[PDB]
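Student: Dropping a structure here in structure tokens format, bear with me for questions.
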Amino acid sequence: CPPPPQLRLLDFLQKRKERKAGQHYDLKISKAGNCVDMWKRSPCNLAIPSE
């Protein structure tokens, strides 16, 4: 059986997704760029510069 009203948004999204995906000059280099705790930093040990 179909869905009720107020959920037609699912229909819109389903039909829209199929159309296509593309963009020229795509500057993103991260799939996980949508994280939350972006403030965390791993403890990094630098090597002593020569001079």
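Student: Failed condition for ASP11, given (1) part of a loop (DSSP other than H, G, I, E, B); (2) surrounded by 10 or more Cβ atoms within 10 Å (Cβ to Cβ), with all others met?
Tutor: Single failed check for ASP11: (1).
Student: Looking at this structure, is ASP37 surrounded by 10 or more Cβ atoms within 10 Å (Cβ to Cβ) and among the charged types (D, E, K, R)?
Tutor: Against the criterion (surrounded by 10 or more Cβ atoms within 10 Å (Cβ to Cβ) and among the charged types (D, E, K, R)), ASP37 does not qualify.
Cβ atoms come from the backbone with ideal geometry, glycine included; neighbour counts cover every protein chain shown. Every number in this text was worked out from the coordinates using simple rules, so none of it is lab data.
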